[PDB]
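For this chain, numbers begin at 1 and follow the sequence in order.
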Amino acid sequence: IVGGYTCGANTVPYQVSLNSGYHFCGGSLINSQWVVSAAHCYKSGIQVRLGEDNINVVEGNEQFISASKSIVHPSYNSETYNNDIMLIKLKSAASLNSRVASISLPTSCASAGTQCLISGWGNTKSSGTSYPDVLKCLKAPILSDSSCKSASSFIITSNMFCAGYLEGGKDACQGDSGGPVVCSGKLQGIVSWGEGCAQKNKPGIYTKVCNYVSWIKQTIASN
Ligand SMILES: N=C(N)NCCC[C@@H](NS(=O)(=O)Cc1ccccc1)C(=O)NCC(=O)NCc1ccc(C(=N)N)cc1
Ligand SMILES: [Ca+2]
């Protein structure tokens, strides 16, 4: 997250860290046994880390649980990032508490202008590199699709939306991948892509979760 702020320990209790020997992606806890992340975060041997603030210190509220199954969206396309969503089932159910909590799926899509919260442990600089140890947060509005589309030479599909700032300075970044965009208590977005970070005319592109609720519910019911 570039241009955000320190969230505060466990103030984003659905935020998870995906770890394969080191943090590599974010994700969102949607019930005690399931996490939503990005398909581009797919990796063999994922451990889900719940209740994290400082990802380099055991602070006392963590649950580490190995994935039993990863399910990348059937139609994920790695060249366009269309359908950039993945479900991860935990080997055992997380113990839900005030610091480890699930976030609701949306029932309707969110409208441009709505305020959302984006969070993660990704790069905090638009140029250069600094990876934070504690969770960072950014309040950011959903943008018009048209402006979203003008901002890129790459395809923006109906499964994507833009959120953030065209004037730069505030954005998600590498390492935030797979993490939540939560708007009015609903998981509306997943950190997907963007050209650099926090650059002028290159806001963030997010997977449009409201399009996937039937898939998420059916998959969870059958697995
Ligand atoms: N097919 C498309 N759409 N290609 C455009 C996006 C590719 C890539 N963008 S990028 O970070 O590497 C920027 C870039 C690098 C070299 C040359 C030009 C631009 C990218 O975003 N790849 C996936 C990735 O890196 N995701 C992590 C991520 C998370 C958040 C942001 C953000 N700014 N909000 C960006 C990237
Ligand atoms: Ca920790």
Side-chain angles (χ1 to χ4, degrees), residues 14-18 20 24-31 33-46 48 66-91 102-112 114 116 118 120 122 142-164 171-183 186-195 197 202-223:
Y14 53 86
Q15 175 79 54
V16 319
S17 171
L18 304 183
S20 67
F24 70 87
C25 270
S28 307
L29 188 64
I30 63 169
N31 63 36
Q33 304 178 263
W34 287 91
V35 164
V36 172
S37 184
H40 84 260
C41 292
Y42 162 80
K43 188 167 266 218
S44 64
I46 293 165
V48 179
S66 286
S68 61
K69 184 182 273 183
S70 289
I71 309 172
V72 165
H73 190 278
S75 305
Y76 173 55
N77 180 288
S78 52
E79 291 65 61
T80 63
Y81 295 97
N82 197 30
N83 312 117
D84 192 12
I85 184 172
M86 164 178 72
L87 283 160
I88 303 165
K89 193 186 191 173
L90 308 184
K91 274 183 180 201
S102 62
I103 188 77
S104 305
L105 292 180
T107 51
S108 50
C109 303
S111 52
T114 309
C116 306
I118 305 170
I142 297 168
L143 308 184
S144 83
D145 288 337
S146 71
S147 70
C148 195
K149 291 182 177 173
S150 285
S152 191
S153 60
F154 295 100
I155 182 167
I156 298 210
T157 72
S158 65
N159 297 311
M160 297 172 195
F161 68 94
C162 269
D171 201 358
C173 200
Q174 310 151 323
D176 294 324
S177 286
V181 179
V182 166
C183 321
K186 310 298 173 158
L187 184 69
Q188 293 286 10
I190 301 165
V191 180
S192 183
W193 64 277
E195 292 159 38
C197 313
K202 313 188 286 165
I205 315 305
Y206 301 91
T207 308
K208 194 198 272 220
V209 177
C210 60
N211 289 359
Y212 297 95
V213 167
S214 176
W215 177 72
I216 292 168
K217 289 186 160 207
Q218 289 173 31
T219 297
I220 289 175
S222 286
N223 285 278

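Side-chain contact between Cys148 and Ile205: present, with at least one pair of heavy atoms (C-beta onward) separated by less than 4.5 Å. Looking at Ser70 and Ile46, their side chains come closer than 4.5 Å, going by heavy atoms from C-beta outward. Looking at heavy atoms from C-beta onward, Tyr14 lies out of side-chain contact with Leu187 at the 4.5 angstrom threshold. At least one side-chain heavy atom of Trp215 sits less than 4.5 Å from a side-chain heavy atom of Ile71. Two residues are said to be in side-chain contact when any heavy atoms from C-beta on lie closer than 4.5 Å; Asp176 and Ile118 fail this criterion. A 4.5 Å side-chain heavy-atom check between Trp193 and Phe154 finds at least one atom pair inside the cut-off. At least one side-chain heavy atom of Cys210 sits under 4.5 Å from a side-chain heavy atom of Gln188. The side-chain heavy atoms of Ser28 and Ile190, taken from C-beta on, include no pair separated by under 4.5 Å.
Note that CE of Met86 is 5.5 Å distant from SG of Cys41, once rounded to the nearest 0.5 Å. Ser78 OG to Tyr42 OH: the interatomic distance, rounded to the nearest 0.5 Å, is 13.0 Å. Of the inter-residue distances, the one linking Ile220 atom CD1 with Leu87 atom CG reads 5.5 Å to the nearest 0.5 angstrom. Between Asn159 atom CG and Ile85 atom CD1 the span is 9.5 Å, to the nearest 0.5 Å. Atom CG in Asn211 sits 11.0 Å away from atom CE in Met160 (nearest 0.5 Å). Atom-to-atom distance recorded for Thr107:OG1 and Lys186:NZ is 5.0 Å, nearest 0.5 angstrom.
Counting only distance, with no hydrogens or angles, the side chain of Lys91 and the backbone of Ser66 share no donor-acceptor pair below 3.5 Å. At distances below 3.5 Å, not a single donor-acceptor pair connects side-chain atoms of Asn77 with backbone N or O atoms of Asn82. Checked by atom type and distance alone, the side chain of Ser192 never pairs as donor or acceptor with a backbone atom of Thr207 at under 3.5 Å.
Of all non-hydrogen atoms in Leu18 and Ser37, the two that sit nearest each other are CD1-OG, 3.6 Å. Considering every non-hydrogen atom in both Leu29 and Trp34, the closest pair reads CD1-O, 3.6 Å. The nearest pair of heavy atoms linking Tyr206 to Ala172 is OH-CB, 3.5 Å. Closest approach of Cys116 to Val181, counting heavy atoms only: CB-CG1, 3.7 Å. Taking all atoms of both residues into account, the shortest heavy-atom contact from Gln15 to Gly120 is OE1-N, 3.9 Å. Closest approach of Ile88 and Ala67 over heavy atoms only: CG2-CB, 3.4 Å.
The closest side-chain donor-acceptor pair between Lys89 and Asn223, if any, does not fall under 3.5 angstrom. Using modelled atom types and a 3.5 Å distance limit, the side chains of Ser214 and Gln218 yield a donor-acceptor pair. Checking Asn83 against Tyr212 by side-chain atom types alone, a donor-acceptor pair falls below 3.5 Å.
The local environment of NZ in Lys43 is crowded, with over 12 non-hydrogen atoms from other residues, nucleotides or ligands closer than 6.0 Å.
Annotation: ring pair (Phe, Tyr, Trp, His ring centres under 6.0 Å) contacts of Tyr76 (sequence neighbours excluded): none. Qualifying side-chain hydrogen bond (donor to acceptor under 3.5 Å, both in side chains) partners for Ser104, counting only residues two or more places apart in sequence or in other chains: none. Scanning for side-chain hydrogen bond (donor to acceptor under 3.5 Å, both in side chains) contacts around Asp145 gives an empty result, with sequence neighbours left out.
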